[PDB]
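There are 2 protein chains.
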Amino acid sequence: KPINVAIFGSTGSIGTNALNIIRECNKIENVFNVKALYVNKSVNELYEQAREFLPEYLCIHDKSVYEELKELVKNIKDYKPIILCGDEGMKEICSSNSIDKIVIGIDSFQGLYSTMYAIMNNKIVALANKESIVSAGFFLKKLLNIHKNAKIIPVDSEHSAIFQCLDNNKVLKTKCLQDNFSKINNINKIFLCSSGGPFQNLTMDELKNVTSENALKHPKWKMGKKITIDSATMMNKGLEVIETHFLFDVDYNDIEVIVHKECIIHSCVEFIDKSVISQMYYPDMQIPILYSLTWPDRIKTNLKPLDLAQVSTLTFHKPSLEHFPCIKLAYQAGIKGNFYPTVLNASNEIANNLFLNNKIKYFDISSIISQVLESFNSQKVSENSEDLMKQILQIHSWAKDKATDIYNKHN
Amino acid sequence: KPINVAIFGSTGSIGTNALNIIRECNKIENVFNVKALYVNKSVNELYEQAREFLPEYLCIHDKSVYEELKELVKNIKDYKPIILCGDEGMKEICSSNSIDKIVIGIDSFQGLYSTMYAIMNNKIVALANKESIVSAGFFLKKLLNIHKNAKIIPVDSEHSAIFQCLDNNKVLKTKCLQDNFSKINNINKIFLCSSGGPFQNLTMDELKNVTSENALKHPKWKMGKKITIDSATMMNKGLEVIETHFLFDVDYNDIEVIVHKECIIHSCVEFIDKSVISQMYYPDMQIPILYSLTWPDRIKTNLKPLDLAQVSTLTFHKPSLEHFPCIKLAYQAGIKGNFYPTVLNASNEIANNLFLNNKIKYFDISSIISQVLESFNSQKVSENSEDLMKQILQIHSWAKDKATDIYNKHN
Ligand SMILES: NC(=O)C1=CN([C@@H]2O[C@H](COP(=O)(O)OP(=O)(O)OC[C@H]3O[C@@H](n4cnc5c(N)ncnc54)[C@H](OP(=O)(O)O)[C@@H]3O)[C@@H](O)[C@H]2O)C=CC1
Ligand SMILES: NC(=O)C1=CN([C@@H]2O[C@H](COP(=O)(O)OP(=O)(O)OC[C@H]3O[C@@H](n4cnc5c(N)ncnc54)[C@H](OP(=O)(O)O)[C@@H]3O)[C@@H](O)[C@H]2O)C=CC1
Ligand SMILES: O=C(CC[C@@H](c1ccccc1)P(=O)(O)O)N(O)CCCc1ccccc1
Ligand SMILES: O=C(CC[C@@H](c1ccccc1)P(=O)(O)O)N(O)CCCc1ccccc1
Ligand SMILES: [Ca+2]
Ligand SMILES: [Ca+2]
Ligand SMILES: [Ca+2]
Ligand SMILES: [Mn+2]
Ligand SMILES: [Mn+2]
């Protein structure tokens, strides 16, 4: 009964942690068949992975390196894969009857596209890309009601933790992103844990002058610059608030951000009786990824057991909204609903990059996002799925342009 | 539609907490029907409960206050309960078709008798009385394999926590005490949390001098004297290690006692992937009691929500077995199996009472228990239930007598 898995974004942080835990688990017993690997342009790395996992399908997005990949894969003896390119190749892979589960480790806005096609092919979608949910949550809800056999299984660590705290006898009566998920699971409230990022103990005046260099300074987890910046501003956590609302149908007044600097308790679920269940481990994306691929079961690993006595102390505190104004903006956009989350995500893409490139200061990030949100006006939501997607693209693009206009006007 | 419940030991700590949470849950809808109340001799307090809850059945164990009870209840107009006494009364209630679930909040080895009869009648037994499981675990396993519709649902707080941490999709395919429970639930290891008791930070020289007055000075939970003294010696945790083994089919080497002095995390389960799930709340037996009666569902309470940021800090350390030798004894008895747990429990009943009454010192408790364990010789386990029960009572009585003899000899 092998688990037939595609890795989308196989050469990045999520995709490499995915293949790492697949490789480790397979040494204990052969449970995973890596059926497909897909990247943008890392042709050499993709060759290396093909050599180890020998998947039925290989796909690279950039046409320019397609021929190169074909050439490299000739070196592999007794190995005749289907080698594909672009959106076309992504669609072929998602339509393959032999693939059951697709890890979406593709970053940014691009991630939404393969997520959509994985859903349209009624797959299990192990979704790490939170921006897809924040930008397109209602659309994805509509799409999951057309494609009844598709499921999104959360991989973002906090959302994986929440999901792991549930009773699957209740989860199996519903699915993530469905209205009423929280009611069917008897969920009352969520505690959404955060590392707090590097700036958690800075004063307002220190924040005024922090730089992206300071933000990119060996945090509790090593990741790409974009999510690292978001962790520093706590807009990551704001996006994760919206992600929680969409995935689990929890009201915004019932999502509490809590700063947990040790990063052992990964989030907690308060049920209607007031009992609280939490998921814990060392910080490591292997467990969230693995659970997304084994759910509703678990399998043996050789990971180091948690030593709670050694950890010794766990601490919890409320984040300061004045120091981390991005969090308030995310709640405000979420509560407004409509396409406000799309606008939040898009404007933050721009503001994050401005700050990364030393073009704006820390409080300018929230200033720009706030000004874009204030310029948007709620749009009638199309009932037509294709039209709705068009609206999300139009609004995303508008909001990025607006954020850049605001920066250029001031500058 | 209402859950039909009996409360055994209705006037004590567990029973009163059970009626408190039932009263709250019954404010608007008829969620529970309190069908029966049973006590030992608290006739006046039973009468008062009867006036409120008007159960079909009343039972009092001590037949010397049966007449007092009949006389008091006549004062309640238009109420015609079945009024019973002793063992016969207990058995009639257990055999009633009108009763689905029984809360066992009777203390000491005496609680085993009603536990056995409730199982024999295929009831759901919400079991707080841990001494029953320690004294008679293997026998209760045998009885639960006969009486296929009976279940034990744990009420002891740590064991309720463990049970809540599990995935009900898996729990529903087995039941507590059943062989292979841990395999079916993908359990690797248990972190069994403890308050540590009042003596947790004493030096060895300080601990030599402790008295029961010191042990009974206002702990983190107000409870009666026996469990309060067991908390102080950590024999309560020792008993709970054995209870964990039997309820969840977890090997002794996979049960780790952790002292968690804030008493917010109530225990944790490590699964085979090394993910850990924990259950948390303020100390309050209403959640474990309610859960036992609603499982596999949860219902709404009006308990104060957990304020994790206010709690702020959680700590964990390993207990010192030199300071708390009772823990070691319990592991030793458990690992030996046979009737060694019966002897542990019985000898502890004596030693606890001697210390309570200022007859022996703290380290004498563990000395006495150790000596009785070293005295006992393994017996062939009776193959039939009636004989097995007689053997348990014989061995329990022998071990109490042995502990008393050791005490009599030493002074
Ligand atoms: N890293 C982490 O621990 C966490 C990340 N996340 C989320 O996970 C997502 C993925 O992040 P991460 O692994 O950090 O990202 P990376 O930038 O490390 O990896 C992105 C991957 O996607 C590939 N890719 C990019 N565009 C395309 C495309 N058009 N078609 C196919 N493949 C594509 C890249 O290929 P190439 O190598 O060719 O560039 C790379 O393999 C993000 O949305 C992030 O928010 C969530 C929680 C934590
Ligand atoms: N209190 C707590 O928070 C916790 C308790 N436990 C366990 O729960 C059990 C009960 O503890 P707790 O409620 O503290 O004890 P209590 O001493 O407060 O209450 C005992 C109850 O049992 C009744 N009882 C005693 N003997 C008999 C009998 N022969 N027939 C019928 N009823 C009888 C008493 O009746 P009467 O009033 O007439 O004396 C009373 O109603 C113990 O095994 C303990 O280990 C487990 C976890 C925590
Ligand atoms: O979204 C992220 C990255 C950012 C957040 C974070 C949280 C915990 C540690 C470091 C960083 P934030 O700072 O926004 O709270 N993540 O899910 C953590 C991935 C690493 C991980 C951590 C715990 C459990 C398993 C995997
Ligand atoms: O067995 C007991 C009593 C003794 C142990 C304890 C644990 C937590 C606080 C104080 C005392 P020990 O000292 O042996 O760890 N109990 O289950 C707690 C009952 C009260 C309670 C606590 C947490 C959750 C719900 C109810
Ligand atoms: Ca009398
Ligand atoms: Ca559960
Ligand atoms: Ca083991
Ligand atoms: Mn996250
Ligand atoms: Mn307990």
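If you read the sequences in order, they're chains A and B.
The opening residue of the first sequence carries number 76 in the entry's author numbering; numbering runs sequentially from there.
The opening residue of the second sequence carries number 76 in the entry's author numbering; numbering runs sequentially from there.
Heads up, the beta-carbon is just placed ideally off N, CA and C, and yes, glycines get one too.
| query | result |
| --- | --- |
| Which first and last residues belong to the alpha helix (DSSP H) in which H320/B is found? | 310-323 |
| Within the present structure, is the beta-carbon of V140/B separated from the nearest heavy atom of ligand 5 by less than 7 angstroms? | yes |
| Report the residue from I339/A, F214/A, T86/A, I157/A whose alpha carbon sits nearest the alpha carbon of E461/A. | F214/A |
| Report yes or no: is there a C-beta of chain A within less than 8 angstroms of the C-beta of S353/B? | yes |
| Short of 7 angstroms in beta carbon distance, which residues of its chain neighbour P400/B, apart from the five on each side in sequence? Order them along the chain. | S441 |
| Less than 8 angstroms between the C-beta atoms of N197/A and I364/A, yes or no? | no |
| How should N432/B be labelled, buried or exposed, when 16 other C-beta atoms within 10 angstroms of its C-beta is the threshold for buried? | exposed |
| Give me the pocket residues for ligand 6, defined as CB within less than 7 angstroms of any heavy atom, sorted by chain position. | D242/A, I352/A, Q239/B, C240/B, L241/B, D242/B, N243/B |
| Per DSSP, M355/B is paired with what? | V351/A, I340/B |
| Out of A408/A, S117/A, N150/A, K152/A, which one is the CA nearest neighbour of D137/A? | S117/A |
| Extract the residue ranges of the beta strand (DSSP E) inside the stretch 350-406 of chain A, only unbroken runs of 3 or more that lie entirely within it. | 351-355, 388-390 |
| Using a cut-off of 8 angstroms between C-beta atoms, extract the partners of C343/B located in chain A. | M355, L383 |
| Mind checking which residues open and close the beta strand (DSSP E) that includes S269/B? | 262-269 |
| What residues does ligand 7 have around it, judged by CB closer than 6 angstroms to any heavy atom, in chain order? | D326/B, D329/B |
| For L218/B and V325/A, what's the separation of their Cα atoms in angstroms? | 43 angstroms |
| Taking 8 angstroms as the CB-CB cut-off, is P371/B touching chain A? | yes |
| Within this structure, are the beta carbons of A201/A and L378/A separated by less than 8 angstroms? | no |
| Looking at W296/B and ligand 4, is the gap between the Cβ and the nearest heavy atom below 7 angstroms? | yes |
| Indicate whether the contact test is met: 3 or more Cβ pairs, each with one atom in the stretch 403-410 of chain B and one in the stretch 284-294 of chain B, closer than 8 angstroms. | no |
| Nearest CA to the CA of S472/A: which residue from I402/A, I481/A, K436/A, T417/A? | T417/A |
| List the residues of chain B that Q253/A touches, going by C-beta distances under 7 angstroms, in chain order. | The contacting residues do not exist; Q253/A stays about 18 angstroms from chain B at best. |
| Just checking residue 511/A against ligand 1 - is the residue's beta carbon closer than 7 angstroms to any of the ligand's heavy atoms? | Nothing can be reported for residue 511/A: it is not among the residues displayed for chain A, which extend from 76 to 486. |
| Roughly how many angstroms separate the alpha carbons of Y141/A and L147/A, rounded to a whole number? | 10 angstroms |
| In whole angstroms, what is the alpha-carbon distance linking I333/A and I89/A? | 24 angstroms |
| Go ahead and pull the three-state DSSP assignment for residue 490/A. | Look at the range of chain A in this structure, 76 to 486, and you will see that residue 490/A is not part of it. |
| Taking Cβ-Cβ distances shorter than 8 angstroms, what residues in chain A pair up with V386/B? | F391 |
| Quickly, what does DSSP pair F451/B with across the bridge? List them, please. | For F451/B, which the question treats as bridged, DSSP gives no partner whatsoever. |
| What runs of the alpha helix (DSSP H), each 4 residues or longer, lie entirely inside the stretch 206-271 of chain B? | 232-240, 243-246, 256-259 |
| Work out the CA separation of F184/A and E143/A for me, nearest whole Å. | 27 angstroms |
| Quick check on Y122/A - is its C-beta less than 8 angstroms from some C-beta in chain B? | no |
| With respect to the beta strand (DSSP E) encompassing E331/B, which residues constitute its N-terminal and C-terminal limits? | 330-334 |
| Quick one: residues in its chain with C-beta nearer than 8 angstroms to the C-beta of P371/A, no 5 flanking neighbours on either side, listed in chain order? | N243, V246, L247 |
| So does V114/A have its beta carbon nearer than 7 angstroms to some heavy atom of ligand 1? | yes |
| On the DSSP letters alone, give me the boundaries of the beta strand (DSSP E) that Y154/B sits inside. | From DSSP, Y154/B is part of no beta strand (DSSP E); its letter is neither H nor E. |
| Listing by chain order, which chain A residues have their CB less than 8 angstroms from the CB of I333/B? | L383, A384 |
| Is it buried or exposed, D382/A, if we count other Cβ atoms within 10 angstroms and call 16 or more buried? | exposed |
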